[PDB]
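Start at 1 with the first residue, then count along the sequence. These values consider heavy atoms only, across backbone and side chains, with no hydrogens, waters or symmetry-generated copies. Counting convention: from 1, in listed order, for ligands and their atoms alike.
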Amino acid sequence: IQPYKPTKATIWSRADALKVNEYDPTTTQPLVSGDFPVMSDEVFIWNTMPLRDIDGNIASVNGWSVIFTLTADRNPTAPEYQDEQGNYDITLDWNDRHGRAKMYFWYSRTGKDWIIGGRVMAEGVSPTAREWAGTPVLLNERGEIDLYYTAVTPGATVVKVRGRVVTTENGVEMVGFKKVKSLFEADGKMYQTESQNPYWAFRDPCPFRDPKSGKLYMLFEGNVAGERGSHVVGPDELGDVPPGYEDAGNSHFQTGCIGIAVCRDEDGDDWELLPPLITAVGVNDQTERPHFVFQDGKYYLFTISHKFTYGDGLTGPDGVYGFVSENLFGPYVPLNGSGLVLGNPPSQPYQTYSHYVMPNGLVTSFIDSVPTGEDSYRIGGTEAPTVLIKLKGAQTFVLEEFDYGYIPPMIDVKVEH
Ligand SMILES: OC[C@H]1O[C@@](CO)(O[C@H]2O[C@H](CO)[C@@H](O)[C@H](O)[C@H]2O)[C@@H](O)[C@@H]1O
């Protein structure tokens with residue numbers, strides 16, 4: 001026997017979070033311009049999910065780049081959104097997007113200047129009221145796609161639906177996305193359930209083939225199992241805090257984690273829940289959109305979070321956080337010492353969200369709210385400038401800003417059926 005250290009969750013501790021620097025130019029997203037363009041006058045988009053293979057390669061099909069988006073109608077004539085002076089209030093319409101979210105696709109031969117394709121699933125196919133985020137996995141040269149996503153209301157369930165991409169020289173269609181398959185939901189012993197917490201998270205599936213083992217796994221956002229308010233911020237969750245920083249306040253209410261599941265097959269059909277990879281009890285309630293970059297034989301695990309979901313006595317920016325390990329199952333250490341990879345600038349703290357770090361170092365995000373004066377701001381619901389980062393050991397560095405919604409392919413796949 002060669003003994004191995006057992007697998008354990010990596011704790012993102014309060015002491016790690018005290019290192020978060022909101023004023024580091026190497027980990028700050030470039031300022032979004034108040035004059036940003038808007039990709040649709042009919043729909044809002046936000047969370048953007050590039051088509052990719054199971055290994056994480058961003059994929060074009062017959063030269064066409066393809067993105068999936070969470071999407072909501074714009075409702076400029078809705079009486080519910082007219083203010084006291086009878087004028088449309090975009091903020092109310094934008095805030096209601098989550099309750100009416102659906103998957104759309106878009107396409108382009110340039111990786112930008114996206115052409116709208118419309119809804120992925122026809123009316124009546126989705127079993128739930130909302131479609132929340134996931135991953136569109138291109139399977140083969142027949143153009144078959146498994147769309148892994150979150151079916152929300154009733155419950156929050158990781159699901160998948162099989163369909164096919166078809167291209168012509170004029171554009172792209174998504175066909176046959178007809179049968180949604182339940183994969184798993186929160187269990188209550190490892191991941192928190194709605195019964196334990198009405199505000200539980202269980203979302204954002206990110207399937208991948210492990211480059212070392214070749215086995216199929218899947219990341220997702222969850223909360224650490226247990227009744228809301230029952231968790232304890234003990235010595236390990238506090239970590240090595242300095243003198244005067246021992247008070248955890250009511251931070252036991254913040255219980256985010258990055259979960260992982262394993263597949264029993266190569267087809268992503270039958271999944272088993274594993275214990276969490278990263279836990280943030282006392283630190284942040286929302287470790288959203290977990291995803292990997294594999295580089296230099298290491299595992300770079302990114303997650304998106306909010307200023308507002310930090311534990312009592314802690315703060316940091318909205319944006320990208322992340323961790324690195326030599327091994328899929330850890331131990332992970334926080335990137336840049338704190339975990340912060342790409343924070344919104346404090347002057348425009350909500351300019352972007354739902355970032356996605358691609359293996360080529362490009363980070364795509366959508367525009368949320370951009371200030372245009374002392375009291376005034378613009379709503380986006382459209383793609384932000386892409387920005388290049390470099391991963392180097394346990395450091396990251398912001399390098400270069402690219403065009404709005406720039407998502408170039410890493411591979412092209414020849415599709416015929
Ligand atoms: O629209 C749901 C989708 O959005 C993400 C990121 O944009 O999470 C956002 O929406 C959640 C539901 O309202 C919020 O709880 C969360 O705070 C917010 O960031 C995804 O994580 C999710 O699939």
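Residue-level proximity to ligand 1 for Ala133 is carried by backbone and side chain together, each with a heavy atom below 4.0 angstrom. With a 4.0 Å heavy-atom cut-off, ligand 1 is reached by no atom of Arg97. Proximity of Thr309 to ligand 1, defined as any heavy-atom pair under 4.0 Å, is not found for any part of the residue.
The closest side-chain heavy-atom distance from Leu301 to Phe292 is below 4.5 Å. Between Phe36 and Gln351 there is no side-chain heavy-atom pair separated by less than 4.5 Å.
Among all protein heavy atoms, the one lying closest to atom 8 (O) of ligand 1 is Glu288 OE2, 2.8 Å. Summary of contacts: the protein heavy atom closest to atom 6 (C) of ligand 1 is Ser354 OG, 2.9 Å. The nearest protein atom to atom 23 (O) of ligand 1, hydrogens excluded, is given as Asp204 OD1, 2.7 Å; this is a heavy-atom distance.
Ligand 1 does not have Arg130 within reach: every non-hydrogen atom of the residue lies 4.0 Å or more from it.
Checking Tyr353, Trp132, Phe220, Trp46 against atom 12 (C) of ligand 1, the nearest heavy atom belongs to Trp132. Relative to atom 1 (O) of ligand 1, the option among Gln286, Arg203, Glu221, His98 with the closest non-hydrogen atom is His98.
Ring pair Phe202/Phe220 is tilted by interplanar angle, where 30° to 60° counts as tilted. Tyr321 and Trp12 have tilted rings, their planes meeting at an angle from 30° to 60° on a 0 to 90° scale. Note on ring orientation: taking the six-membered ring where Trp is involved, the planes of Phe105 and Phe68 are tilted (angle from 30° to 60°).
The CZ atom of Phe329 sits 9.0 Å away from the OH atom of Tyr299 when rounded to the nearest 0.5 Å.
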